[PDB]
Ligand SMILES: O=C(O)[C@@H]1C[C@]2(C(=O)O)C=C[C@@H](O)[C@@H](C2)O1
Ligand SMILES: O=C(O)[C@@H]1C[C@]2(C(=O)O)C=C[C@@H](O)[C@@H](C2)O1
Ligand SMILES: O=C(O)[C@@H]1C[C@]2(C(=O)O)C=C[C@@H](O)[C@@H](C2)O1
Ligand SMILES: O=C(O)[C@@H]1C[C@]2(C(=O)O)C=C[C@@H](O)[C@@H](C2)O1
């Protein structure tokens, strides 16, 4: 009976993976937009808000706040570094 | 606004992630019930190895590196074991 | 008779001035394009070519090479600094 | 190409500048003939002061600063005096 469920889990994980790829593509686009707008990569205000929104909505699914924070902390960290990778490249090229 | 239109996309995407994480917890509970009757132990380090390896393989196609995938999924699995062990201690 | 000619000179100078403003607007646009393309402001190859072209065409108008060089050296210097002003601003904003 | 289309505009503009500089030299020659008959001296530091001040005023409207205008026009005037003094030494 375990094999049936594990097969569902593996399918779900593949969907998570796809979304994670998509969010990473979005962070690159966002980084591009920051170069034009002359804004820095990191934006603490936005992260503060985003997390509060996620913790509020997570509550409805019974996902706890600390689980959501530990998880989005990795996701945001990754998207921040991805953008910083493009900034550094950019900075070496124009300079 | 350039910046704004993307963020709305990000916020919508993050909303979909929450739904999948909760659903995954549900499935972990089900697997929790099965190990109860079947009386199997919660942790199965071998399944976790194959699951992670498969995701790292699928991820390269998406241009997601193994480090980020390993870290993110170990946390999801960590929570998943926590979820099952709770179910067991309630029975 | 001098006043008649001086009146023509002043009109000509105003046209030169307008072109100088226009070339400065073009250098800003070019600078913007360099930020997207990730290219540095200065391009020695382009300046080398541009000057050779100007010296060749100048010959037809009887303008000598050294006069043309002294003059375009100021014009190019100015457009280089104008672009560097936008790069510096940009760099302080994204960083 | 973004970079290329602008450069063609710059190259065309530079071509117009050459035409005006040559024409200006012609006028300086004419003024050279007038000072010959009228027997006036080539250099007129007073006309140069008013000419430069006027250009600096017109230039602010174009967002061109006084430093660049002064430097560029002093060279054009410098060449202009050189042009006239040559005409005189040929007569
Ligand atoms: O500005 C942004 O929107 C992006 C996305 C980001 C996130 O991961 O959600 C949120 C805020 C910023 O610090 C970083 C990370 O850039
Ligand atoms: O048996 C299982 O399949 C479930 C799910 C789990 C996971 O989270 O993927 C993988 C293996 C086990 O350690 C735990 C966690 O139980
Ligand atoms: O790349 C460019 O085209 C612009 C214009 C410029 C010039 O003044 O003509 C020529 C070459 C570059 O060094 C600078 C100055 O940027
Ligand atoms: O008398 C003149 O008007 C001409 C032209 C000139 C200039 O280049 O503008 C201005 C004043 C004089 O010194 C010389 C140079 O002769």
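Protein chains in written order, with the deposited numbering: chain B, 6 to 100; chain A, 5 to 95; chain B', 6 to 100; chain A', 5 to 95. A prime marks a further copy of an entry chain. Heads up, the beta-carbon is just placed ideally off N, CA and C, and yes, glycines get one too.
- prompt: Excluding sequence positions up to five away, which residues of its chain have a Cβ less than 7 Å from the Cβ of residue 81 of chain B?
  reply: For this step, residue 81 of chain B is matched to residue 76 along the first chain. The residues are 52.
task: Anything in chain B within Cβ reach of residue 34 of chain A, meaning under 7 Å, just list it in chain order.
output: For the purposes of this step, residue 34 of chain A is identified with residue 30 of the second chain, where counting begins at 1. The CB of residue 34 of chain A comes closer than 7 Å to the CB of 10 in chain B, given here in chain order.
- prompt: Excluding the five sequence neighbours on either side, which residues of its own chain have a C-beta within less than 8 Å of the C-beta of residue 33 of chain B, listed in chain order?
  reply: Indexing the first chain from 1 puts residue 33 of chain B at position 28. Cβ contact annotation for residue 33 of chain B (same chain, cutoff 8 Å, sequence separation greater than five): 87, 88, 91, in chain order.
field: Limits of the alpha helix (DSSP H) - the one that residue 18 of chain B' falls within
entry: Within the third chain, the letter at position 13 stands for residue 18 of chain B'. First-last of the alpha helix (DSSP H) with residue 18 of chain B': 7-42.
field: Any non-hydrogen atom of ligand 1 closer than 8 Å to residue 130 of chain B Cβ
entry: Since the first residue of chain B shown is 6 and the last is 100, residue 130 of chain B is not available in this structure.
Residue 17 of chain A beta carbon less than 9 Å from that of residue 55 of chain B: Looking up residue 55 of chain B in the first chain gives position 50. Looking up residue 17 of chain A in the second chain gives position 13. No.
message: Using beta carbons (cut-off 9 Å, strictly below), is residue 23 of chain A' in contact with chain B'?
response: The residue labelled residue 23 of chain A' in the question sits at position 19 within the fourth chain. Closer than 9 Å: yes.
query: How far does the alpha helix (DSSP H) with residue 58 of chain A' in it reach, from first residue to last?
result: Looking up residue 58 of chain A' in the fourth chain gives position 54. First-last of the alpha helix (DSSP H) with residue 58 of chain A': 49-66.
task: Please decide whether residue 96 of chain B counts as near chain A, where near means a Cβ-Cβ distance under 9 Å.
output: For this step, residue 96 of chain B is matched to residue 91 along the first chain. Among the CB atoms of chain A, none fall inside 9 Å of the CB of residue 96 of chain B.
message: Given this structure, state the Cα-to-Cα distance separating residue 38 of chain B from residue 41 of chain A, to the nearest angstrom.
response: Here residue 38 of chain B refers to the residue found at position 33 of the first chain. Here residue 41 of chain A refers to the residue found at position 37 of the second chain. About 54 Å.
query: By a C-beta neighbour count over all protein chains shown, 10 Å radius and 16 as the cutoff for buried, is residue 28 of chain A' buried or exposed?
result: Your numbering for residue 28 of chain A' matches position 24 in the fourth chain. Answer is buried; the Cβ neighbour count reaches 16.
- prompt: Listing by chain order, which chain B residues have their CB less than 9 Å from the CB of residue 44 of chain B'?
  reply: Counted from its first residue, the third chain places residue 44 of chain B' at position 39. Ordered by position in chain B, the residues that pass the 9 Å Cβ test against residue 44 of chain B' are 98, 99.
task: Report back the beta-carbon spacing between residue 22 of chain B' and residue 62 of chain A' to the nearest angstrom; my notes put them in contact at under 8 Å.
output: Within the third chain, the letter at position 17 stands for residue 22 of chain B'. Within the fourth chain, the letter at position 58 stands for residue 62 of chain A'. Contact between residue 22 of chain B' and residue 62 of chain A' holds: CB atoms are separated by about 6 Å, below the 8 Å threshold.
task: Starting from residue 46 of chain B', trace the alpha helix (DSSP H) both ways and give me its first and last residue.
output: For this step, residue 46 of chain B' is matched to residue 41 along the third chain. It is not in any alpha helix (DSSP H) - residue 46 of chain B' carries neither H nor E in the DSSP assignment.
field: Proximal residues of chain B', C-beta to C-beta of residue 86 of chain B below 7 Å
entry: On the first chain, residue 86 of chain B is found 81 positions in, with the first residue counted as 1. Near residue 86 of chain B there are no residues of chain B' at all, since even the closest Cβ is about 16 Å away, more than 7 Å.
query: Between residue 52 of chain A' and ligand 4, is the CB less than 8 Å from at least one heavy atom?
result: Counted from its first residue, the fourth chain places residue 52 of chain A' at position 48. Yes; taking the cut-off as 8 Å, the Cβ of residue 52 of chain A' has a heavy atom of ligand 4 nearer than that.
field: Where residue 95 of chain A' sits in the DSSP three-state scheme
entry: Reading the fourth chain from its first residue, position 91 is the one you call residue 95 of chain A'. Three-state DSSP puts residue 95 of chain A' in coil, outside helix and strand.
- request: Report whether the distance from the Cβ of residue 47 of chain A' to the nearest heavy atom of ligand 4 is below 8 Å.
  value: Along the fourth chain, read from residue 1 onward, the residue named residue 47 of chain A' stands at position 43. Result yes, Cβ under 8 Å from ligand 4.
field: Buried versus exposed, by CB contacts within 10 Å (16 or more), residue 49 of chain B
entry: Within the first chain, the letter at position 44 stands for residue 49 of chain B. So residue 49 of chain B counts as exposed.
- request: Look at the Cβ atom of residue 73 of chain B, then the Cβ atom of residue 31 of chain A, and state whether they are nearer than 9 Å.
  value: Residue numbering aside, residue 73 of chain B sits at position 68 when the first chain is read from its first letter. Residue numbering aside, residue 31 of chain A sits at position 27 when the second chain is read from its first letter. Here residue 73 of chain B is not near residue 31 of chain A, since their CB atoms are 9 Å or more apart.
query: With DSSP run on the structure shown, which of helix, strand or coil describes residue 69 of chain B?
result: As a working note, residue 69 of chain B is residue 64 in the first chain. It is coil, neither helix nor strand.
query: So does residue 37 of chain A have its beta carbon nearer than 8 Å to some heavy atom of ligand 2?
result: Reading the second chain from its first residue, position 33 is the one you call residue 37 of chain A. It does not: the Cβ of residue 37 of chain A is nowhere closer than 8 Å to a heavy atom of ligand 2.
field: residue 69 of chain A' versus residue 64 of chain A: straight-line alpha-carbon distance, rounded
entry: Position 65 of the fourth chain, counted from the start, is the residue given in the question as residue 69 of chain A'. Position 60 of the second chain, counted from the start, is the residue given in the question as residue 64 of chain A. Approximately 55 Å between the Cα atoms of the pair.
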